[PDB]
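Input: a single structure, listed below in structure tokens.
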Amino acid sequence: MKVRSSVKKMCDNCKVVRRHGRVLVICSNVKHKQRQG
Amino acid sequence: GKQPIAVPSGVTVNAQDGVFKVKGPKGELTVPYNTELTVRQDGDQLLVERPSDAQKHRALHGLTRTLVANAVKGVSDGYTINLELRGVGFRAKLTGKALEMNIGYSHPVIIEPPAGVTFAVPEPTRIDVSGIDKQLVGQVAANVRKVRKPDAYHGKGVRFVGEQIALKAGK
Amino acid sequence: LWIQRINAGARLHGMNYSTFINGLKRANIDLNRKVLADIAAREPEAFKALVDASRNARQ
Amino acid sequence: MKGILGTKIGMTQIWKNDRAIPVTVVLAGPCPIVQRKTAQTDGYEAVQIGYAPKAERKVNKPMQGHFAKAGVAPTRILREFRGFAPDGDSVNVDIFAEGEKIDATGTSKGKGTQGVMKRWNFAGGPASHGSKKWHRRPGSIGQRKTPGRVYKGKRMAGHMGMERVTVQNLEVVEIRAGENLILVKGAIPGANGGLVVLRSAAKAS
Amino acid sequence: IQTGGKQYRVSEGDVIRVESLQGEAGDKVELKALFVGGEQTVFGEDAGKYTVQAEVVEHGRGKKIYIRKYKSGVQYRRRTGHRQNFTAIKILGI
Amino acid sequence: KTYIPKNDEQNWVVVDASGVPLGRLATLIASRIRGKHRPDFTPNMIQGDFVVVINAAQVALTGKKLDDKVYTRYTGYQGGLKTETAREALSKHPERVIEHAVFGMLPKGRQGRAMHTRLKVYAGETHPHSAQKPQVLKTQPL
RNA sequence: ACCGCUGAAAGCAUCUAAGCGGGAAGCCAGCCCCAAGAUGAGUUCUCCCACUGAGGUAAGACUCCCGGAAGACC
RNA sequence: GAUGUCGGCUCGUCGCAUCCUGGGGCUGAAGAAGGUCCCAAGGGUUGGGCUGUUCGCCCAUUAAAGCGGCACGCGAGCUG
RNA sequence: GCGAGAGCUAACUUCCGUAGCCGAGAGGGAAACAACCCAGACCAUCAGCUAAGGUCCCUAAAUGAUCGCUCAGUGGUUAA
Ligand SMILES: [Mg+2]
Ligand SMILES: [Mg+2]
Ligand SMILES: [Mg+2]
Ligand SMILES: [Mg+2]
Ligand SMILES: [Mg+2]
Ligand SMILES: [Mg+2]
Ligand SMILES: [Mg+2]
Ligand SMILES: [Mg+2]
Ligand SMILES: [Mg+2]
Ligand SMILES: [Mg+2]
Ligand SMILES: [Mg+2]
Ligand SMILES: [Mg+2]
Ligand SMILES: [Mg+2]
Ligand SMILES: [Mg+2]
Ligand SMILES: [Mg+2]
Ligand SMILES: [Mg+2]
Ligand SMILES: [Mg+2]
Ligand SMILES: [Mg+2]
Ligand code: NA
Ligand code: NA
Ligand code: NA
Ligand code: NA
Ligand code: NA
Ligand code: NA
């Protein structure tokens with residue numbers, strides 16, 4: 001879980017999911033779990 | 001958008017006030033929704049219409065249609081999840097109606113179902129979760145899987161029948 | 001002080017102070033302004049009549 | 001829950017099996033029930049209980065009246081408990097067993113106006129390096145121009161002692177029914193002849 | 001008020017601004033704006049139908065009041081006497 | 001030259017708060033306490049009517065009941081003991097919510113606190129009515 | 001923090017907008033002590049009572065004395 | 001017409017950019033031991049040699065031997 | 001404040017040019033507050049209209065009207 005203030009796509013499996021006022025990204029690849037919070 | 005809704009003859013849809021009550025042979029099940037969202041049985045099947053056509057009405061539309069469908073299929077056939085105990089020396093027993101987990105931990109894991117869900121063990125290496133309400137089922141099975149997450153090396157614990165788990169392999 | 005009383009009076013019927021004074025501006029008729037508070041404090045009926053007048057000289 | 005009142009009589013030696021157990025002898029005299037606090041009639045559940053016996057010539061008219069309601073006998077001490085509500089009166093028999101752990105509470109001996117070294121341990125200052133602040137005398141009390149004030153509830157000279165104290169988990173070594181005596185492994189607070197309250201194990205291991 | 005005491009009053013001698021004409025019993029006619037003469041509420045303008053008659057009582061000199069000023073750190077201290085003059089009028093009208 | 005004060009006024013008004021949001025209710029109460037219609041209309045003495053709040057436990061809010069709205073309850077010397085509680089976390093003492101939301105909207109002088117005395121909050125329906133022997137004139141907000 | 005269930009807008013996917021679960025030596029409560037001057041001053045048991053033209057008195061306490069594992073004096 | 005200076009000693013309390021314990025994600029994470037990041041200030045954070053030292057180095061240990069703030073906290077508290 | 005230098009296009013910085021205010025300027029507003037905004041106090045008054053500002057409650061004054069925005073407690077501290 002890498003906390004980056006700049007979350008952007010890195011492949012073709014990354015899906016941005018807006019949660020409870022937070023930026024998260026789902027992906028089959030567990031190394032692509034970026035999150036601003 | 002979703003419209004087609006399969007409503008059999010063993011089901012009873014009651015749209016009284018805000019509390020929508022559905023009767024069935026597998027047991028009655030109440031499901032709450034919105035008041036601003038229109039919904040009724042037009043003719044034979046059931047049709048769900050939305051007030052506005054932006055987003056605050058469509059989201060809840062899909063939501064609601066889905067949920068109702070689930071209630072129906074729930075009181076018509078019922079929902080049941082198939083788990084699996086993979087690994088070495090892993091097993092589960094039954095005490096009355098509770099599930100007894102035995103999987104690498106020193107002391108066995110007793111799991112007691114809530115009101116409306118029932119376990120089943122047709123095999124010492126396979127778990128069966130049966131219930132009326134789909135949500136509850138999901139949540140309880142979810143609790144079962146939560147006990148041992150399939151490790152990224154051998155893939156033990158609990159899994160859904162033919163789960164595709166990729167082993168990272170350490171060496 | 002006087003104001004604080006006047007808007008109370010006003011409110012006792014279904015109007016306010018803004019509406020009430022304004023309903024005496026539209027009509028050069030009523031130009032009390034000063035002492036009005038004493039009128040709303042001692043003689044209720046009179047002040048009722050003034051209110052009714054204010055509403056009548058508005059809408 | 002259950003408990004009783006008694007007098008700290010003293011500490012003595014007492015082997016149990018092959019080991020020397022220090023004990024503290026306590027007189028749990030029979031304790032009468034003088035009032036039953038029903039939650040309905042009061043607001044909470046409880047029981048009033050009496051200890052040392054007094055001469056009617058020393059007992060206030062009102063207090064006599066109190067005692068008349070249950071009609072036992074004028075006593076010098078009354079206290080209350082919780083969840084305790086049996087029939088008859090309060091003897092330590094059937095109440096405490098040998099081996100049961102108990103919370104023993106009483107008023108400590110008080111030491112009066114003790115410094116900080118005694119009171120709060122502290123540390124005072126150097127006795128040789130050239131002072132005027134040897135033994136006690138604390139250092140500073142705060143900081144400086146910021147909160148030019150000392151913190152509420154802080155460590156200074158005061159009245160040490162005279163406090164309600166409850167020591168937890170004490171072992172009931174032996175119990176002499178009929179002699180209304182009880183032995184408790186270890187020390188209880190307060191002085192000999194002091195009042196002690198022996199209560200059931202509240203939150204135990 | 002500002003000048004000329006209207007309203008409903010039952011024969012009372014009040015004190016207001018001077019009325020120029022010095023003397024006594026100088027008929028003073030004033031316009032009305034409100035009054036409860038005989039429990040009959042009457043608004044403005046219409047009140048013009050009725051007018052108040054008052055007679056001058058005396059030309060009294062106000063109460064003595066000292067007027068003091070002060071600004072700190074700059075000195076400035078001022079002290080001067082003052083009394084604003086008036087007249088009493090006996091209300092006796094319709 | 002204006003109107004003197006009296007004291008015959010002492011109406012016992014009861015404000016329901018069931019569903020009403022905390023603002024309207026609050027301001028309304030505080031307002032009637034200080035002086036809604038004001039008898040002699042005087043600011044010297046308290047002529048406000050007596051306010052009785054029923055329910056209160058069923059007070060409504062927006063969306064920040066669990067969040068944002070954090071009543072602060074601090075001690076003598078808060079040396080790391082600065083107590084803070086969510087607004088729903090006031091199920092413990094409901095009366096405190098309303099009670100301690102109105103006092104804030106009343107003056108801070110002597111007479112103010114004197115006014116807080118006329119504020120009487122109860123959490124419940126038919127029970128608070130037992131605390132009501134005098135007038136029971138009930139007046140809804142809006 | 002993080003990890004999940006049911007599940008739309010992207011008639012796929014998704015821990016999320018409705019709703020719900022699990023989860024830290026932290027928070028709240030639990031444990032020991034204080035606490036009604038909590039001037040919104042609380043509750044319970046018991047006692048003396050319906051004088052006199054400020055004062056005799058009841059219940060009760062104080063002063064004084066002798067002491068105390070209570071204490072600077074109180 | 002005065003805000004007493006360094007360090008120590010004494011006595012504390014607070015921030016979190018967390019030294020140790022607590023809960024997590026990720027790994028070039030098999031296990032064990034680690035690396036890095038996120039959440040988390042309840043408590044704890046040893047004794048000595050040299051130096052006025054604050055630092056720092058060293059001996060011997062420790063779960064750890066955190067970094068700062070408070071007039072580089074504290075001389076109507078001490079030292080000098 | 002504007003127009004420059006010096007200074008890191010820092011400083012409640014410094015040095016010049018120009019406008020206004022404070023200095024010697026009360027009053028209203030900006031919570032408090034020399035300067036900012038509105039306004040230059042001869043004296044008296046249980047009189048009225050406005051400015052800057054506001055009009056739920058703590059102070060006076062529409063929980064005002066119509067068409068939008070924002071699920072944030074933004075408003076009520078900043079950027080790549
Ligand atoms: Mg020493
Ligand atoms: Mg000092
Ligand atoms: Mg201070
Ligand atoms: Mg000086
Ligand atoms: Mg000095
Ligand atoms: Mg942090
Ligand atoms: Mg490992
Ligand atoms: Mg040396
Ligand atoms: Mg410095
Ligand atoms: Mg210093
Ligand atoms: Mg020297
Ligand atoms: Mg300058
Ligand atoms: Mg000068
Ligand atoms: Mg001001
Ligand atoms: Mg005007
Ligand atoms: Mg304007
Ligand atoms: Mg107002
Ligand atoms: Mg903000
Ligand atoms: Na700490
Ligand atoms: Na060291
Ligand atoms: Na420190
Ligand atoms: Na000295
Ligand atoms: Na000037
Ligand atoms: Na300001």
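Residue numbering restarts at 1 in every chain; chains get A, B, ... in the order shown in the structure tokens, and ligands count up from 1 in that same order.
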
Leaving out residue 152 in chain D and any residue of its chain fewer than 4 positions from it, which residues lie within 10 Å of it when counting only C-alpha atoms (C1' of nucleotides), given as a list in words?
residues 76, 77, 78 and 79 of chain F

Go ahead and dump the residues you just picked, N, CA, C and O atoms, as a short mmCIF file (atom, residue, chain, number, x, y, z; two decimals), in the first residue's frame.
```
data_model
loop_
_atom_site.label_atom_id
_atom_site.label_comp_id
_atom_site.auth_asym_id
_atom_site.auth_seq_id
_atom_site.Cartn_x
_atom_site.Cartn_y
_atom_site.Cartn_z
N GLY F 76 -10.33 21.12 34.60
CA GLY F 76 -9.62 22.16 35.33
C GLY F 76 -8.26 22.34 34.72
O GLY F 76 -8.00 23.29 33.99
N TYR F 77 -7.39 21.41 34.99
CA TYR F 77 -6.19 21.35 34.19
C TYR F 77 -6.14 20.12 33.28
O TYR F 77 -5.79 19.00 33.71
N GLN F 78 -6.47 20.38 32.02
CA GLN F 78 -6.56 19.37 30.97
C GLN F 78 -5.18 18.78 30.58
O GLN F 78 -4.87 18.61 29.39
N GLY F 79 -4.37 18.45 31.57
CA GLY F 79 -3.04 17.97 31.30
C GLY F 79 -3.15 16.68 30.55
O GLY F 79 -2.90 15.62 31.11
#
```

Fewer than 4 positions away in the same chain doesn't count, so skip those; otherwise give me all residues within 12 Å of range 30-36 of chain A, counting only C-alpha atoms (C1' of nucleotides), as number ranges by chain.
A: 1-19, 21-26; B: 152, 166, 168; G: 1-2; H: 25-27, 37-38

Could you save those same residues with C-alpha atoms (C1' of nucleotides) as a PDB file, in the first residue's frame?
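In the end it all went to again.pdb:
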```pdb
ATOM      1  CA  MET A   1       0.000   0.000   0.000  1.00  0.00           C
ATOM      2  CA  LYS A   2       2.002   2.945  -1.348  1.00  0.00           C
ATOM      3  CA  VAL A   3       0.684   6.356  -0.260  1.00  0.00           C
ATOM      4  CA  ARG A   4       1.115   8.710  -3.226  1.00  0.00           C
ATOM      5  CA  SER A   5      -0.400  12.187  -3.546  1.00  0.00           C
ATOM      6  CA  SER A   6      -0.378  11.642  -7.319  1.00  0.00           C
ATOM      7  CA  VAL A   7      -2.379   8.490  -8.160  1.00  0.00           C
ATOM      8  CA  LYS A   8      -2.386   7.635 -11.863  1.00  0.00           C
ATOM      9  CA  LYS A   9      -2.788   4.600 -14.142  1.00  0.00           C
ATOM     10  CA  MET A  10       0.153   2.245 -14.697  1.00  0.00           C
ATOM     11  CA  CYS A  11      -1.458  -0.480 -16.830  1.00  0.00           C
ATOM     12  CA  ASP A  12      -4.814  -1.634 -18.237  1.00  0.00           C
ATOM     13  CA  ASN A  13      -6.224  -3.254 -15.087  1.00  0.00           C
ATOM     14  CA  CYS A  14      -6.256  -0.206 -12.795  1.00  0.00           C
ATOM     15  CA  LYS A  15      -9.730   0.997 -11.827  1.00  0.00           C
ATOM     16  CA  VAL A  16     -10.274   4.208  -9.835  1.00  0.00           C
ATOM     17  CA  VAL A  17     -12.961   3.722  -7.170  1.00  0.00           C
ATOM     18  CA  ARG A  18     -14.288   6.759  -5.292  1.00  0.00           C
ATOM     19  CA  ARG A  19     -15.002   5.845  -1.665  1.00  0.00           C
ATOM     20  CA  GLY A  21     -14.094  10.945   0.463  1.00  0.00           C
ATOM     21  CA  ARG A  22     -10.923   9.077  -0.471  1.00  0.00           C
ATOM     22  CA  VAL A  23      -9.012   8.136  -3.634  1.00  0.00           C
ATOM     23  CA  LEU A  24      -8.416   4.391  -4.059  1.00  0.00           C
ATOM     24  CA  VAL A  25      -7.465   2.176  -7.018  1.00  0.00           C
ATOM     25  CA  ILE A  26      -8.387  -1.509  -7.439  1.00  0.00           C
TER      26      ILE A  26
ATOM     27  CA  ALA B 152       0.635 -16.503  -2.007  1.00  0.00           C
ATOM     28  CA  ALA B 166      -1.648 -17.626  -8.413  1.00  0.00           C
ATOM     29  CA  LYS B 168       4.076 -16.375  -6.119  1.00  0.00           C
TER      30      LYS B 168
ATOM     31  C1'   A G   1      -4.398   2.379   8.817  1.00  0.00           C
ATOM     32  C1'   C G   2      -6.157  -1.730   6.623  1.00  0.00           C
TER      33        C G   2
ATOM     34  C1'   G H  25      -0.174  -2.738   3.016  1.00  0.00           C
ATOM     35  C1'   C H  26       3.786  -3.964   0.019  1.00  0.00           C
ATOM     36  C1'   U H  27       8.627  -7.034  -0.864  1.00  0.00           C
ATOM     37  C1'   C H  37       5.483   2.648   4.097  1.00  0.00           C
ATOM     38  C1'   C H  38       0.637   3.752   6.573  1.00  0.00           C
TER      39        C H  38
END
```

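In this comparison, which uses only C-alpha atoms (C1' of nucleotides), the residue of D:70, D:183, D:150, D:63 approaching chain G most closely is D:63.
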
Interface list for chain I, partner chain F, 12 Å threshold, only C-alpha atoms (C1' of nucleotides), as a PyMOL selection string:
chain I and resi 46+56-59+63+71-73

What is the CA of residue 159 in chain D-CA of residue 110 in chain D distance in Å, reported with one decimal?
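Answer for the CA of residue 159 in chain D to CA of residue 110 in chain D separation: 7.8 Å.
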
Residues of chain H that have any atom at most 12 Å from an atom of ligand 9: could you tabulate them with the shortest-distance atom pair and the distance in Å to one decimal, using only C-alpha atoms (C1' of nucleotides) and all ligand atoms, ordered by chain and increasing number, as CSV?
```
residue,atom,partner,partner_atom_place_in_ligand_line,distance
H:69,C1',ligand 9,1 (Mg),11.5
H:71,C1',ligand 9,1 (Mg),9.3
H:72,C1',ligand 9,1 (Mg),4.6
```

Using only C-alpha atoms (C1' of nucleotides), find the residues of chain D whose closest atom to chain H is at most 12 Å away, then write them as a PyMOL selection string.
chain D and resi 116-117+120-148+150-152+154-156

Write out, as a short mmCIF file (atom, residue, chain, number, x, y, z; two decimals), in the first residue's frame, the residues just selected, with C-alpha atoms.
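Output saved as again26.cif:
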```
data_model
loop_
_atom_site.label_atom_id
_atom_site.label_comp_id
_atom_site.auth_asym_id
_atom_site.auth_seq_id
_atom_site.Cartn_x
_atom_site.Cartn_y
_atom_site.Cartn_z
CA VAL D 116 7.79 15.09 48.87
CA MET D 117 10.62 12.65 49.25
CA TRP D 120 5.79 11.34 46.19
CA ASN D 121 9.16 9.67 46.35
CA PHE D 122 10.98 12.54 44.73
CA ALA D 123 14.64 12.70 45.22
CA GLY D 124 15.65 16.00 46.70
CA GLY D 125 19.18 17.21 46.34
CA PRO D 126 22.93 16.73 46.92
CA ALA D 127 24.02 16.64 50.51
CA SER D 128 27.62 17.56 50.02
CA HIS D 129 28.19 19.60 46.98
CA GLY D 130 27.45 22.81 48.78
CA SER D 131 23.73 23.54 49.20
CA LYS D 132 20.88 24.94 51.29
CA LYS D 133 18.38 22.57 49.68
CA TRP D 134 19.52 19.18 51.07
CA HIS D 135 17.05 16.42 51.96
CA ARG D 136 13.75 17.51 50.45
CA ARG D 137 12.82 20.90 49.02
CA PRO D 138 11.65 20.31 45.44
CA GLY D 139 13.39 21.77 42.39
CA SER D 140 11.23 23.99 40.25
CA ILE D 141 7.46 23.96 39.87
CA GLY D 142 6.90 24.99 36.27
CA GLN D 143 8.47 26.60 33.29
CA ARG D 144 8.68 30.40 33.00
CA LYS D 145 6.75 33.27 31.42
CA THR D 146 4.61 30.60 29.75
CA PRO D 147 1.71 29.39 31.89
CA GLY D 148 3.25 31.39 34.76
CA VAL D 150 1.60 25.52 38.41
CA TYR D 151 -0.50 22.59 37.16
CA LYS D 152 -3.67 21.67 39.01
CA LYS D 154 0.43 18.24 41.16
CA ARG D 155 3.20 16.90 43.48
CA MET D 156 3.76 18.90 46.65
#
```

Taking only C-alpha atoms (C1' of nucleotides) into account, report as a ChimeraX atom specification which residues of chain E lie within 10 Å of chain I.
/E:1-3,16-17,62,65,67,71,74,80-85

Let me see the file: selected residues, C-alpha atoms, as an mmCIF file, in the first residue's frame.
```
data_model
loop_
_atom_site.group_PDB
_atom_site.id
_atom_site.type_symbol
_atom_site.label_atom_id
_atom_site.label_comp_id
_atom_site.auth_asym_id
_atom_site.auth_seq_id
_atom_site.Cartn_x
_atom_site.Cartn_y
_atom_site.Cartn_z
ATOM 1 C CA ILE E 1 -40.875 64.725 20.914
ATOM 2 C CA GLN E 2 -39.677 67.040 18.139
ATOM 3 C CA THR E 3 -42.314 69.714 18.712
ATOM 4 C CA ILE E 16 -41.413 70.848 25.892
ATOM 5 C CA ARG E 17 -39.311 73.106 23.683
ATOM 6 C CA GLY E 62 -33.735 73.850 32.416
ATOM 7 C CA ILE E 65 -25.753 70.239 33.724
ATOM 8 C CA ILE E 67 -20.373 69.697 30.238
ATOM 9 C CA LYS E 71 -8.749 63.224 26.066
ATOM 10 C CA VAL E 74 -2.899 64.923 25.293
ATOM 11 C CA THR E 80 -18.552 74.457 30.698
ATOM 12 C CA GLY E 81 -22.006 75.057 32.233
ATOM 13 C CA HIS E 82 -25.263 74.354 30.386
ATOM 14 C CA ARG E 83 -29.058 74.515 30.735
ATOM 15 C CA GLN E 84 -31.487 74.276 27.836
ATOM 16 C CA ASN E 85 -34.574 76.499 28.254
#
```

Which residues are near ligand 16 - at most 10 Å, using only C-alpha atoms (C1' of nucleotides) and all ligand atoms? Format: as a PyMOL selection string.
chain I and resi 50-54

Excluding residue 97 in chain B and residues on its chain fewer than 3 positions from it, collect all residues at most 8 Å away from it, counting only C-alpha atoms (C1' of nucleotides), and give them as an MDAnalysis selection string.
chainID B and resid 94 112:113 118:119

For the selection just defined, write its residues with N, CA, C and O atoms to a file, as a PDB file, in the first residue's frame.
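And here is the file that came out, again-v7.pdb:
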```pdb
ATOM      1  N   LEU B  94     -18.940 -30.482  12.717  1.00  0.00           N
ATOM      2  CA  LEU B  94     -20.231 -29.887  12.977  1.00  0.00           C
ATOM      3  C   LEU B  94     -20.713 -30.228  14.392  1.00  0.00           C
ATOM      4  O   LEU B  94     -20.689 -31.391  14.808  1.00  0.00           O
ATOM      5  N   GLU B 112     -20.465 -19.628  15.200  1.00  0.00           N
ATOM      6  CA  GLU B 112     -21.898 -19.778  15.394  1.00  0.00           C
ATOM      7  C   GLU B 112     -22.661 -18.891  14.420  1.00  0.00           C
ATOM      8  O   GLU B 112     -22.530 -17.670  14.453  1.00  0.00           O
ATOM      9  N   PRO B 113     -23.461 -19.508  13.543  1.00  0.00           N
ATOM     10  CA  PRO B 113     -24.299 -18.755  12.606  1.00  0.00           C
ATOM     11  C   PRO B 113     -25.298 -17.845  13.318  1.00  0.00           C
ATOM     12  O   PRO B 113     -25.569 -18.031  14.508  1.00  0.00           O
ATOM     13  N   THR B 118     -27.625 -21.440   7.918  1.00  0.00           N
ATOM     14  CA  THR B 118     -27.275 -22.779   8.385  1.00  0.00           C
ATOM     15  C   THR B 118     -26.079 -23.372   7.612  1.00  0.00           C
ATOM     16  O   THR B 118     -25.988 -23.229   6.392  1.00  0.00           O
ATOM     17  N   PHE B 119     -25.163 -24.023   8.331  1.00  0.00           N
ATOM     18  CA  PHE B 119     -23.986 -24.646   7.715  1.00  0.00           C
ATOM     19  C   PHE B 119     -24.265 -26.077   7.300  1.00  0.00           C
ATOM     20  O   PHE B 119     -25.282 -26.658   7.671  1.00  0.00           O
TER      21      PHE B 119
END
```

Could you pull the residues within 10 Å of residue 34 in chain B, counting only C-alpha atoms (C1' of nucleotides), minus those fewer than 2 positions along the same chain, as a VMD selection string?
(chain B and resid 17 to 20 32 36 to 39 60 to 61 64) or (chain G and resid 18)

Please identify every polymer residue within 10 Å of ligand 14, using only C-alpha atoms (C1' of nucleotides) and all ligand atoms, and present the set as a PDB file with N, CA and C atoms (P, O5', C5', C4', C3', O3' and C1' of nucleotides), in the first residue's frame.
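New file pocket-v5.pdb:
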```pdb
ATOM      1  P     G I  28     -18.645  54.239  18.515  1.00  0.00           P
ATOM      2  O5'   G I  28     -19.167  53.921  17.047  1.00  0.00           O
ATOM      3  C5'   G I  28     -20.559  53.840  16.780  1.00  0.00           C
ATOM      4  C4'   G I  28     -20.830  53.396  15.372  1.00  0.00           C
ATOM      5  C3'   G I  28     -20.148  52.120  14.935  1.00  0.00           C
ATOM      6  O3'   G I  28     -20.787  50.948  15.412  1.00  0.00           O
ATOM      7  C1'   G I  28     -19.831  53.752  13.275  1.00  0.00           C
ATOM      8  P     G I  29     -19.915  49.611  15.643  1.00  0.00           P
ATOM      9  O5'   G I  29     -19.428  49.260  14.174  1.00  0.00           O
ATOM     10  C5'   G I  29     -20.341  48.835  13.179  1.00  0.00           C
ATOM     11  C4'   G I  29     -19.604  48.370  11.954  1.00  0.00           C
ATOM     12  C3'   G I  29     -18.555  47.282  12.179  1.00  0.00           C
ATOM     13  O3'   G I  29     -19.107  45.982  12.225  1.00  0.00           O
ATOM     14  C1'   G I  29     -17.607  49.007  10.906  1.00  0.00           C
ATOM     15  P     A I  30     -18.448  44.857  13.158  1.00  0.00           P
ATOM     16  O5'   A I  30     -17.065  44.582  12.431  1.00  0.00           O
ATOM     17  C5'   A I  30     -17.032  44.066  11.114  1.00  0.00           C
ATOM     18  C4'   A I  30     -15.616  43.962  10.609  1.00  0.00           C
ATOM     19  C3'   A I  30     -14.607  43.406  11.589  1.00  0.00           C
ATOM     20  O3'   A I  30     -14.672  42.009  11.744  1.00  0.00           O
ATOM     21  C1'   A I  30     -13.706  45.312  10.627  1.00  0.00           C
ATOM     22  P     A I  31     -13.991  41.320  13.019  1.00  0.00           P
ATOM     23  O5'   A I  31     -14.468  42.242  14.250  1.00  0.00           O
ATOM     24  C5'   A I  31     -15.785  42.128  14.813  1.00  0.00           C
ATOM     25  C4'   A I  31     -15.773  41.768  16.302  1.00  0.00           C
ATOM     26  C3'   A I  31     -14.728  42.459  17.189  1.00  0.00           C
ATOM     27  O3'   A I  31     -15.164  43.730  17.665  1.00  0.00           O
ATOM     28  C1'   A I  31     -14.735  40.115  17.619  1.00  0.00           C
ATOM     29  P     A I  32     -14.329  45.070  17.346  1.00  0.00           P
ATOM     30  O5'   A I  32     -13.106  44.995  18.355  1.00  0.00           O
ATOM     31  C5'   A I  32     -13.320  44.826  19.744  1.00  0.00           C
ATOM     32  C4'   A I  32     -12.124  44.195  20.409  1.00  0.00           C
ATOM     33  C3'   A I  32     -10.786  44.849  20.125  1.00  0.00           C
ATOM     34  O3'   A I  32     -10.569  45.983  20.913  1.00  0.00           O
ATOM     35  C1'   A I  32     -10.586  42.497  20.035  1.00  0.00           C
TER      36        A I  32
END
```

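With distances taken over only C-alpha atoms (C1' of nucleotides) and all ligand atoms, H:7 is the one residue among H:28, H:49, H:7, H:68 lying closest to ligand 11.
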
Let me have all residues with an atom within 12 Å of ligand 4, counting only C-alpha atoms (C1' of nucleotides) and all ligand atoms, laid out as an NGL selection string.
:H and (1-3)
